[PDB]
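Quick note: numbers below take in every heavy atom, side chains included, and nothing from hydrogens, waters or symmetry partners. Every number for a ligand or one of its atoms is a count from 1 in the order of the listing. Note on naming: letters A, B, ... go to the chains in the order of the sequence lines (proteins, then strands), and numbering restarts at 1 for each one.
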Amino acid sequence: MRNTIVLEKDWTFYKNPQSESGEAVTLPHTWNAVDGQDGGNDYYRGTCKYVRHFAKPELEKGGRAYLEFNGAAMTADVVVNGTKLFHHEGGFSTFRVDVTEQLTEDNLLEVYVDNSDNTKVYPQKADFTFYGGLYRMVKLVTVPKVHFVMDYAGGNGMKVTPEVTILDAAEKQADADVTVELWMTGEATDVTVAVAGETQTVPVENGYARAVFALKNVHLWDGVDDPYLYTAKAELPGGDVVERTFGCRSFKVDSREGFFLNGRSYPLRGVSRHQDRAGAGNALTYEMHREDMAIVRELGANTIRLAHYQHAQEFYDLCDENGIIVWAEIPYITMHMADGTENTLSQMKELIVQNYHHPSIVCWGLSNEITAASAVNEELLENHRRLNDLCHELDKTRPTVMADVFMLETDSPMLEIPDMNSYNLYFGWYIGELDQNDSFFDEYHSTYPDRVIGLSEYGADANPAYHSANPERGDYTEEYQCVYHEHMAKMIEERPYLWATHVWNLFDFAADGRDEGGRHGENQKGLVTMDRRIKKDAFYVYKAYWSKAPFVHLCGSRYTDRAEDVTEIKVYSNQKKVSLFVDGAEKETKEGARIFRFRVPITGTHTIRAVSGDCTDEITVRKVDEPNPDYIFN
Amino acid sequence: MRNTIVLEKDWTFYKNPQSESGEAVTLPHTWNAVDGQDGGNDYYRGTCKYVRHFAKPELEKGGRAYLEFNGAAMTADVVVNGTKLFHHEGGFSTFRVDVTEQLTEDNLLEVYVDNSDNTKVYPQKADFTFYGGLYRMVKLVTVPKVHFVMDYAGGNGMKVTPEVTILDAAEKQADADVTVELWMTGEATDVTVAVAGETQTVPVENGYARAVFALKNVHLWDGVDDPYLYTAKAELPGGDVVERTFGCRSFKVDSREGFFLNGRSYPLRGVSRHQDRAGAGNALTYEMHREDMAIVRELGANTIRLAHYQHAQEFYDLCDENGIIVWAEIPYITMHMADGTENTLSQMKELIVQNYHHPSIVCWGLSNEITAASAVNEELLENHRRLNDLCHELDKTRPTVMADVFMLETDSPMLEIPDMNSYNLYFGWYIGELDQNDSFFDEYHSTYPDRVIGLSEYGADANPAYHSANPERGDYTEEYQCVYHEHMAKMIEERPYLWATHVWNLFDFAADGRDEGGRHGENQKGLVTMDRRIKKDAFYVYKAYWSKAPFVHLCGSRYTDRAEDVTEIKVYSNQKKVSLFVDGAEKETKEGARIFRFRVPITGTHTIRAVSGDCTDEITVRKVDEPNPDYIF
Ligand SMILES: Cc1cc2nc3c(=O)[nH]c(=O)nc-3n(C[C@H](O)[C@H](O)[C@H](O)COP(=O)(O)O)c2cc1C
Ligand SMILES: Cc1cc2nc3c(=O)[nH]c(=O)nc-3n(C[C@H](O)[C@H](O)[C@H](O)COP(=O)(O)O)c2cc1C
Ligand SMILES: [Ca+2]
Ligand SMILES: [Ca+2]
């Protein structure tokens, strides 16, 4: 009886809302896919208008019709048949609009979508393009007269809470009390709730129902090796149905020993991901989400920081289904603005209500680098206490965290507010030397041994066009990014008290204000390029640390022209032995772990082949008289 | 300094050793690839001759040259430059021949290979074709004067033993003492051993050396999710080098609770596999081994019973590398013969010596269905006790087992000999009803609760060309094989005390005496056809039980013409919900587990689409007036 149709086709988009003619578009859509990815700090920001018609949907007697917007960046006004019905501030979360009373036979839908600079809607100051438009789907949902609530913060009127007790960690034996709370409109009598083959019927009172299932020997959601998911289903006499997937897992974060999953140590070692891509902008299809996740899996990252905003349900689903552990946050970022305080609380409420069921999520992020351009005063601290309190009020099952900028003094009162802290560190890239990452954490953990500390950002830019036999910080070479991550990976491996670490970033991403490292409009800290077509050499150092799929990878497949008489051939591998062949003749076999380095005298054009068991790779190395200038940013 | 050359090309095969002209072949080779797969109980058995030349290889002063045979089925006689040098009985194990003193610049190699019927070399009575020939590679190996022994039972002079102590099962924390024992000739004074990035020099005394490595926090070999492997490497003065991969794992078998790995319950649920394939015979390439394992992995089986003989080193390696737990055995099968007793002990020694290092292997099988055609008497008992004692003498780290024919009474003295037992049961196919599987094991386990019991064979024949809406034991339909395996799967799930279960068989396989189920020369109990091209529908019942890779499978993709007005549509899947679409129209969503059954009215030609999440499958069904007679045996 609950029916959904996608309002995907037959839109007309008006860049100038006042123009007589527009352009045909299909959702998802953004108007900044080109001008937000090419540099110049000039992508178009303002109010634009989407228009489309839709026919009156079939409705039960006293049924309702809702428009569902899953992503309208950043501020949306919904006008139906010339009446304005909704105003939404928050470009990353679902909202819905009851349009029943305005329905005629043919309905005019005008959506004004705004991504302008203002002081009321985060984000406003950040290192990523603020793509405007209807970049996620718009839907028309019809419900019976008695229905699960549709207007509360983009939720679905269901709140499922699995509380897990580990009985035998090694056997994965656990019990679970699963609470299903529901909220309903209309004069309902009772509701039926189905969980794990059991069924209960409970009374509705004041639009609210509750059911607890005491499950024994539940099948744990246990990370990448067994991401088992359950389904909770609630159904009303009149026929309305809602459901959430959920997973059963316990976890804790020990300030000294790190993250624990289901009674066992489970160090979180992964990356971050922005929700855009070359060409498409943030108008991502499902296949694009899946491809991003398939690259996560090949990499073997077991956690993703989904900065800096609520991501698509499809991607959180993918994390659920793949056993990936997620850090989720709101775009409370860089510069505090007093007029945005309510927007921070509104986006946090929608984030938690709409994502509370995802077992992949283990923490709520309050803000990112918020003291990069804010004085630490009572106003700032208050905004953070209110967000912290809201997280704890809505969700007893996850801690709060925030990502701190490296200038924030470690004794600031800011750090005492959330349950955990992670620092964004760029020592050895933006500032100082690589060693300062190690010392920063040794000193924090020595001063504050009872605090949980992590590494929420770290990286260095690499343009796969640039190379050097003597990489150094700032040459933007593929080789220095390897040097940087080789050091960070060892530094992290030495420090099991880091609760989670996240490479910034898995992918290059659009930042229209950047014009650095030979590519206009892109942050090049990705381990993979923005079009997902090139995995940079530094991707494979992490694959060597993380992946269990045997591989060998020769670095320098783009460092072909080499002026030096003896060159380093570097192989990344999760095997323990590698054999190098030069022009078909075996030159040397080394044992080791992860990183294998060979000295090769070169005199002409050579075919270099690396072998370990059944795994092989091959590159060309070509001696030249003078360094190739195309490899040089200078 | 140790060098190996493959003698693969430029052979001449003489099916009649007395005939002046023959057939140029390349190894691997068998002369039975065609006539052992087509029925008639008539493939050629006898002695055949392989001839090749090879150049004298480069040898250090006092170095040695060995011909290495990895598989000569079944009896080989090796003659170099007219001198008879070696006689080997056993078609499934490596042996080596010192040819040093007969070398000249251009060397003649003649190998007589015999797969004849006799009372000396097992196997002689079994349900599989006894392919003859050099069906695995022949190599020329040269070593320095001081070298690890080459002539001890096809081993390489290294015996590596990890003793694992589990410190914390949930954390996978464990220590292991790794003992490396070495045998060598040439009177070197010491040897250097490398294990896990450590090295150690120990003395050589009377051709033997021993080094112990006390590893802490080893990376456990932990089954399919993490088959981590180490290397033991030894190096002599003068340059000779041998090595063995090994894994660190502890395991135990509980008669009530089943198999345990690295401190946790790890029920062994899987398949068997014969080392042959359509067209190639048993002359398999490396890629054929890899494809077989790729199919094991898709299926999700975590154990393989490698019946009925020693398999290729490459395939044992694949099991090591993929975390597959293995049952290994010798072809002491069906019919005891007094003059084959020494051959059972020779093959078992070679099996253990050559495969002791494989962490995948967890038990040694003494015999299969040996009482199918043997009286249980003191002589039969003694042969088994001697095999049992040899396993225990050579290997303190693995239990023995045997596969019992279903006629063998459960109080027989035979059952008291091995450490564990498994029965080959075909209730519901060969005899009796499906329920008798359940009660056979109930009654055994109730009577002997302290004994380890398992299921070493079970299955039903299925010809993918045959189909029926009302399958019956004996119609050979793809659909009855699913009915059979649906029952067996549920029976097995109810009985955690079954230490291991093994579907007979992963693949159809050649049995030249069989003329059954519309295919001559093949046993059709495979879950996959013999050419590896068609996975029968019962394959996907197990994949729904075992695989974690999401999938949806429609049965009946070969059951296309159906006479019924409302036909049954069965989907196998490891998902929780399956939606069926007919001609594009969504028609029904069912929740459930493993097996999803739909009822679909059919009037003409329809397209049936099954969906769950991103997983899709599709078949075509055509309503007909009369049953297609091709679907009927
Ligand atoms: C996932 C989730 C969904 C929720 N859905 C509803 C809902 O539909 N209706 C409701 O009244 N409360 C819902 N709640 C709970 C309220 O947010 C909670 O009681 C809160 O403290 C009420 O605050 P408010 O009434 O000011 O919005 C939900 C909570 C969670 C975690
Ligand atoms: C894997 C493995 C390899 C062995 N290799 C040799 C060897 O090369 N030389 C040797 O004298 N014994 C070797 N042994 C010797 C064992 O002591 C021997 O097989 C058994 O105890 C007695 O052997 P025997 O009766 O043939 O002397 C090996 C044992 C194993 C398990
Ligand atoms: Ca621009
Ligand atoms: Ca034949």
Checklist line | From CA spacing to verdict: salt bridge (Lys or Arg N to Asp or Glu O under 4.0 Å), B/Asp151, B/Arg96 | finding: CA-CA 6 Å; B/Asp151 65 341; B/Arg96 291 194 198 94; over 6 Å; no
Notebook entry, point to check: Hey, mind stepping through A/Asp419 and A/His392 against side-chain hydrogen bond (donor to acceptor under 3.5 Å, both in side chains) and telling me if it holds?
Noted result: CA-CA 10 Å; A/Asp419 302 319; A/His392 287 152; 2.8 Å; yes
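Note that A/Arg514 lies outside the cation-pi zone of A/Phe128, set by a 6.0 Å cut-off to the ring centre and a 45° limit from the axis.
Side-chain contact of A/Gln310 with A/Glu350: a donor-acceptor pair under 3.5 Å is absent, judged by distance alone. In this structure, a donor-acceptor pair under 3.5 Å is present between the side chains of A/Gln313 and A/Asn355.
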Tabulating one pair per line, provide the atom names and distances (0.1 Å) for every N/O atom of ligand 2 that is less than 3.5 Å from a protein N/O atom.
unit_1: ligand 2; atom_1: 19 (O); unit_2: B/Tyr152; atom_2: OH; d: 2.6
unit_1: ligand 2; atom_1: 23 (O); unit_2: B/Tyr152; atom_2: OH; d: 3.1
unit_1: ligand 2; atom_1: 26 (O); unit_2: B/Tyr152; atom_2: OH; d: 3.0
unit_1: ligand 2; atom_1: 26 (O); unit_2: B/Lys349; atom_2: NZ; d: 2.4

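Taking 4.0 Å as the cut-off between side-chain N and carboxylate O, A/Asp531 and A/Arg277 do not count as a salt-bridged pair. Classification of A/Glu393 and A/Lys349 as a salt-bridged pair fails, no side-chain N sitting under 4.0 Å from a carboxylate O.
By the ring-ring contact (aromatic ring centres under 6.0 Å, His included) test, A/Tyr230 pairs with A/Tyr228, A/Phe246, sequence neighbours left out. When the salt bridge (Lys or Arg N to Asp or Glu O under 4.0 Å) test is applied to B/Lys139, the partners found at least two apart in sequence or on another chain are B/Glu68.
Within a radius of less than 3.0 Å around the Ca ion (ligand 3), the protein N, O or S atoms are A/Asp35 O, A/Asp38 OD1, A/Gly39 O, A/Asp42 OD1, A/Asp512 OD1, A/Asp512 OD2.
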